[PDB]
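FYI, the numbering just counts along the sequence from 1. Ligands are counted one by one from 1 in listed order, and the atoms in each one are counted from 1 as well.
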Amino acid sequence: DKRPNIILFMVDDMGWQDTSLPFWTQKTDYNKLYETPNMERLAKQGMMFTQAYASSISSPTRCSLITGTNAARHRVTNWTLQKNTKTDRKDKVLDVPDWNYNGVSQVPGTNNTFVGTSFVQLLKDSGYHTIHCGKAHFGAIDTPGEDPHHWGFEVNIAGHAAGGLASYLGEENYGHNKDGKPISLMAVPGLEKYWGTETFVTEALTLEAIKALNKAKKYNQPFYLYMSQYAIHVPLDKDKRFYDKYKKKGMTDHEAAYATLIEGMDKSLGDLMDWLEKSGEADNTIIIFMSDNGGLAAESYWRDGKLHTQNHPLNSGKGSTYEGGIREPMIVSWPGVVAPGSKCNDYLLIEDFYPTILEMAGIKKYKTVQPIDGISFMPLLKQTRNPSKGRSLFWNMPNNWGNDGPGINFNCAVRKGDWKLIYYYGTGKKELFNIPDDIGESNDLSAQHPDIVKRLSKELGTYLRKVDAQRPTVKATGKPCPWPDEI
Ligand SMILES: O=S(=O)(O)O[C@@H]1[C@H](O)[C@@H](O)[C@H](O)O[C@@H]1CO
Ligand SMILES: [Ca+2]
């Protein structure tokens, strides 16, 4: 049995610049402030992806990962928590559609749910031992998708409906009182052994993952580990292991705490890489590093710089269709298959992870209930072909997040070659950016290139109708907002 182990190491709310590893053309101030030596170690042994995309919010990205569908299709287009409860902020002008706020599942029977065959279920069915560690956030509370075991994971460390965490601190029981009562729906479950200890949640998850990997080695099976950090999500607890030195770099209390979440996430990566090396698994293990959306840039309560700049040189952040919200740090290591110290700037979307992971696992034939929108990036990894040649990428956010900002709320977009069109459902406004010429999306070229705006509007409208995508409605009329090619 020559099949590789696979680790998908997913960070929460980590931006393109939330690392010491430069994904841009030079080092930023952020690359010089943050410390991720194990990300640099991973890049030295693998391939960096400098144009990797997600959706701008946890739920659409993670539902796209586990089902291999574009967010416009699965309609989980804002964050989930409570059953049958839209998290959208009310708007004066527009109503959000009746979107899939219960999330995803593998089974029929529940309203407002997208049903899809899990790639993790296919891995398990093929004989992989499957481990979930950390943030799940696939289904609302009291829906079958809330439980990682529903997805085909045999082991669950700390995964549930919630896409946040009540506390990073062992001394606060990760959000339980002294009686063990949860302080909120975000309380982190299954870490009772660490309650009352000076163990940061990132460290506890790593220690539990390593226990599960020691078990995995005894089982005589290839393993799949989804190492899904709760870091670096708010609230910004400080990790006292790392905090003092960021204050000496002149960072604010919040920004120094943020840096400590990054460094602890990087220590977790390093601890798993160390385990692979010591256990003799490193030569037959794939590591995929990814983040689920851009760095938080729209909440002055948590972030201290000029708002909407926390992913500079990218514009905006979490919740935005601008690069700051959707462009993610991504690395793939696969010893003897992927060239070490390589870079790939060809674009891809999170749903592409689904067929790629099954291909890595040698699963050449599989049945799914849903169409798979993902396209394998195996040819990018092997440097053989660009599977995204002439490919359009699509985003749909007919929703209202908790914050306003540049490229946030009630919009959809298409990326094709150098060009990105963003359409605002409420106003009919169209922004056109040349991403390589203008990576900060500061120069709207829509008036200068009406033929490009027309071509991309048709592509965007056609795609959204093809996948039965949703749009907001105008409160005044009850009529849906026009598709971009109806303008
Ligand atoms: O899941 S996330 O999408 O990352 O985060 C959700 C949302 O945007 C955040 O504004 C909130 O604070 O936490 C939610 C947890 O689910
Ligand atoms: Ca997130």
Side-chain angles (χ1 to χ4, degrees), residues 8-16 18 52-66 71 74 76-83 85-89 96 99-104 134-141 143 145-146 158-168 174-175 182-188 201 226-237 254 258 261-262 265 289-303 307 310-311 316-321 324-330 350 395 397 399-405 407-409:
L8 174 56
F9 189 104
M10 179 72 72
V11 189
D12 202 18
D13 294 350
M14 180 190 176
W16 201 60
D18 289 347
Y53 294 105
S55 292
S56 68
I57 297 290
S58 173
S59 296
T61 298
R62 292 169 192 267
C63 293
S64 287
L65 168 62
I66 205 73
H74 67 52
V76 190
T77 43
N78 205 349
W79 62 278
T80 64
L81 182 58
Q82 295 230 66
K83 190 161 184 180
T85 308
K86 292 189 291 289
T87 57
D88 307 81
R89 176 170 54 121
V96 303
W99 62 275
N100 284 338
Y101 38 71
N102 288 331
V104 290
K135 175 168 162 174
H137 199 209
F138 300 118
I141 297 166
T143 73
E146 72 184 330
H160 61 130
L165 79 164
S167 177
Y168 286 85
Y174 312 115
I183 73 169
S184 83
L185 296 177
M186 299 307 92
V188 184
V201 74
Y226 186 42
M227 191 75 185
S228 183
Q229 302 293 347
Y230 281 107
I232 62 179
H233 203 285
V234 295
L236 303 183
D237 280 310
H254 280 164
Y258 191 79
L261 301 187
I262 288 164
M265 168 280 293
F289 185 99
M290 187 53 171
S291 177
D292 72 331
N293 60 64
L296 178 62
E299 286 187 21
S300 55
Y301 189 91
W302 288 120
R303 303 304 307 268
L307 279 185
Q310 284 63 30
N311 302 283
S316 205
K318 184 174 187 183
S320 184
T321 307
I326 58 167
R327 199 171 182 155
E328 305 304 323
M330 174 176 174
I350 184 71
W395 294 266
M397 202 221 321
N399 288 86
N400 207 22
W401 194 45
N403 305 293
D404 292 313
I408 313 183
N409 303 315

Fill in the blank from the handout: Contact region, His137 to ligand 1, non-hydrogen atoms below 4.0 Å, reads side chain
Problem - Under 4.0 Å to a heavy atom of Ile57 - the qualifying atoms of ligand 1, by number - result: 3 (O)
Practice task
Answer with side chain, backbone, both or neither: which part of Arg62 has a heavy atom less than 4.0 angstrom from an atom of ligand 1?
Solution key: neither
Exercise for the section: For ligand 1, find out whether one of its N or O atoms is nearer than 3.5 Å to an N or O atom of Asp292. Expected result: no
Practice task
Return the set of protein N, O or S atoms whose distance to the Ca ion (ligand 2) is under 3.0 Å, each given as residue and atom.
Solution key: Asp12 OD1, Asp13 OD1, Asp292 OD1, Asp292 OD2, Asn293 ND2
Fill in the blank from the handout: If you compare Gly163, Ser56, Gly402, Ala298 by their heavy atoms, the one closest to atom 15 (C) of ligand 1 turns out to be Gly163
Practice task
Report yes or no: does a heavy atom of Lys318 sit under 4.0 Å from some atom of ligand 1?
Solution key: yes
Practice task
Indicate, as side chain, backbone, both or neither, the part of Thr87 found under 4.0 angstrom from ligand 1 when only non-hydrogen atoms are considered.
Solution key: neither
Practice task
State, to 0.1 Å, how close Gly175 and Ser167 come at their nearest heavy-atom pair, and which atoms those are.
Solution key: N-CB, 3.9 Å
Practice task
Say whether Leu81 and ligand 1 are in contact under the criterion: heavy-atom distance to a ligand atom below 4.0 Å.
Solution key: no
Handout entry: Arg62 to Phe138, cation-pi by 6.0 Å centre distance and 45° axis angle
Key = no
Fill in the blank from the handout: Which of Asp13, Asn311, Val234, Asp18 passes side-chain contact (heavy atoms from CB on, under 4.5 Å) with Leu296? Answer is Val234
Practice task
For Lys135, counting its heavy atoms only, list the atoms of ligand 1 lying under 4.0 Å from any of them.
Solution key: 1 (O), 2 (S), 4 (O)
